[PDB]
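In the working numbering, the protein residues as written are 256 to 443.
Notes for the one structure printed next.
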């Protein structure tokens, strides 16, 4: 076939019921994730080709960057609750991997403040139980799927994108292939 298990994707032998339709995992410490967001815009090109009525979900993970990594998962929870993902993703990535100016929860906070979220609103979000549950969800979803690496995308709790098995000579061709694979898996 043109799409083969073990080539553009792999199948979870332990499928996950009730999982989000399109589920992405990343870390602000993850260098391919940086690429995936800033250079490739994977998520947006996937969305562009997905059917609609398709919910797209993106989660942060704890297993990179120790204490800061966990701080970042709580911050991403804050971002999700406030709906401010698109004003913080880039400065978080650049603060972690480019400029090296994020070293504490307080520096993460600065990114939000500078993006215009109010101190009060941020701290209230940070400490809220809605955010707690939202951290729980991120962790549960990673636990549910054997997650040991990022970036990672899962479709319907059944299929895992396998980017190693796609051509990388051309970034645009890589993205199209990636996104078309998601669409294919989606319709399976």
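Note that CB positions come from ideal geometry on N, CA and C, so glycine has one too.
For residue i, count neighbouring C-beta atoms within 10 Å of its own C-beta (all shown protein chains included) and say buried if the count is 16 or more, exposed if not.
| i | result |
| --- | --- |
| residue 292 | buried |
| residue 364 | buried |
| residue 393 | buried |
| residue 377 | buried |
| residue 313 | buried |
| residue 433 | buried |
| residue 289 | buried |
| residue 322 | exposed |
| residue 428 | exposed |
| residue 306 | exposed |
| residue 270 | exposed |
| residue 341 | exposed |
| residue 334 | buried |
So what does residue i bridge to, in DSSP terms?
| i | result |
| --- | --- |
| residue 336 | Note: residue 336 sits in no beta bridge, so no partner. |
| residue 295 | According to DSSP, which records beta bridges pairwise, residue 295 is partnered with nothing at all. |
| residue 416 | 264 |
| residue 289 | Answer by DSSP bridge pairing: none, since residue 289 is not bridged. |
| residue 373 | BP columns for residue 373 are empty, so no partner. |
Does residue i come out as helix, strand or coil in the three-state DSSP assignment?
| i | result |
| --- | --- |
| residue 279 | strand |
| residue 410 | strand |
| residue 258 | coil |
| residue 344 | helix |
| residue 426 | helix |
| residue 328 | helix |
| residue 312 | strand |
| residue 352 | helix |
| residue 390 | helix |
| residue 272 | coil |
| residue 431 | helix |
| residue 400 | coil |
If residue i and residue j are in contact, beta carbons under 8 Å, what's the gap, nearest whole angstrom?
| i | j | result |
| --- | --- | --- |
| residue 370 | residue 336 | In fact, because the Cβ distance is near 15 Å, the residues do not count as touching under 8 Å. |
| residue 284 | residue 319 | 4 Å |
| residue 274 | residue 411 | 7 Å |
| residue 437 | residue 301 | 5 Å |
| residue 398 | residue 316 | Contact doesn't hold; Cβ gap of about 10 Å is too wide. |
| residue 426 | residue 416 | Contact flag wrong, Cβ pair sits at about 16 Å. |
| residue 267 | residue 395 | Wrong, their Cβ atoms sit about 16 Å apart, outside the cutoff. |
| residue 435 | residue 304 | 7 Å |
State yes or no: is the beta carbon of residue i nearer than 7 Å to at least one beta carbon in chain B?
| i | result |
| --- | --- |
| residue 381 | Of the protein chains in this structure there is only one, and it is not chain B. |
Contact between the segment 346-361 and the segment 322-331: three or more CB pairs below 8 Å? Taking 8 Å as the limit for Cβ pairs, the verdict is that the segment 322-331 does touch the segment 346-361.
Is there contact here, the segment 382-398 with the segment 294-308, by at least three beta-carbon pairs under 8 Å? No, the segment 382-398 is not in contact with the segment 294-308.
Would you call the segment 259-271 and the segment 407-425 touching, i.e. three or more CB-CB distances under 8 Å? yes
With a threshold of 8 Å, are at least 3 pairs of Cβ atoms found where one atom belongs to the segment 351-359 and the other to the segment 271-281? no
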